[PDB]
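Both blocks below hold the same protein chain, though in two forms, and each is given as structure tokens: structure 1 and structure 2.
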Structure 1
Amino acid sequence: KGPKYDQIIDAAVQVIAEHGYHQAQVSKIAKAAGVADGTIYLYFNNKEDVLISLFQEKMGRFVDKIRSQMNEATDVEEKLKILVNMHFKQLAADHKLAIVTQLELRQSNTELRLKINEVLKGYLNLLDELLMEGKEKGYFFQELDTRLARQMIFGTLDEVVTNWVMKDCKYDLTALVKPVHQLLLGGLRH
């Protein structure tokens, strides 16, 4: 909405990344944004609204940037390949946000996460939309359950990423694109 809306959201990322979720009270977020406590409530109406809006904004930029890149290739093998690239690229490009989103937000309470889960519905559409365009043009098993095939895909990508942050980003995440991508299409078999 306003110009402080972005100072706050970006502060919340940098407050949570450095201090951790349970050490990110409103006042610590405020001081990092150069803003008073009650001013937070002029731009958001909850601590929860701050956290969800953080996710919505960052997720919107995330899915939009991916769908943009897939719009070029017309062929569903590369569309998956591009997805895996872009997913890993964006997270490798911002370690701080990765920490907040893969680690500290996991330490949330339960209905903040159910809300975060609703924000993920957008990405899961892009996945499910890909999985049905791969069935009609017959790139995938033509009796594929898309609900499950989506969950295998996100589950894998999210696990591989989460383990990358717990190792403190020691290794080149994007170097794993080809092996992960090849795994999703082919499976474990020889």
Structure 2
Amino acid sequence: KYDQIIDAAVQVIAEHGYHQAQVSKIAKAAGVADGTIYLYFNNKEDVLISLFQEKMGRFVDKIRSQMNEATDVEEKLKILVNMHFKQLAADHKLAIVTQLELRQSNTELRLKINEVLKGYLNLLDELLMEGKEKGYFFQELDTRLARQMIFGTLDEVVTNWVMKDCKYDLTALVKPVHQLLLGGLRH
């Protein structure tokens, strides 16, 4: 019942956009009464934020599990890149939500979205610190800048794919993005 509301919210926000999405449309798409939505969510903002928290929480947990099992820090990065691309290539509507509708100019809304994103960003920080401690990455590497390079590059590749109607295979870019982030531009 909570899960069908989450699913419906993705659908409705992707189709109509966040500002034109009404919680009543979400309830109709979920097969629930207007009132069933407010048992879980104070309102429409709490719907967008909760949907993001739910999807991010599950993503981060899966990546952490898969990484905790990997043997090599470069493979841990690959896992992260692969899961980021795979999960969105699996759900075009959630990609429209992440790439397009969670990008808000409202200051209070923007700050709440960013707080949810810190879960992913902190997992990057952990990976970067691990790679510096273990010697895969250079000692002087600036963790925060590197996080911004990794997340900013991944997010930019995904956005361009969404902007091109998801018409090529996003998952075919895992290997070259991973190689580019490890090696940089230089010959």
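Rigid core (definition): largest C-alpha set, two forms, superposition within 1.5 Å. Sequence positions of structure 1, starting at 1, serve as the residue numbers.
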property: Selected structure - criterion: the form deposited without the DNA; result: 2
property: Conformational change between structure 1 and structure 2, one of 129, 158, 37, 57, C-alpha moving 2 Å or more after core fit; result: 37
property: CA of residue 107, rigid core aligned, shift of 2 Å or more between structure 1 and structure 2; result: yes
property: Rigid-core-fitted C-alpha displacement of residue 72 between structure 1 and structure 2 (angstrom); result: 1.2
property: Angstrom shift of the Cα atom of residue 25 between structure 1 and structure 2 (superposition on rigid core); result: 2.2
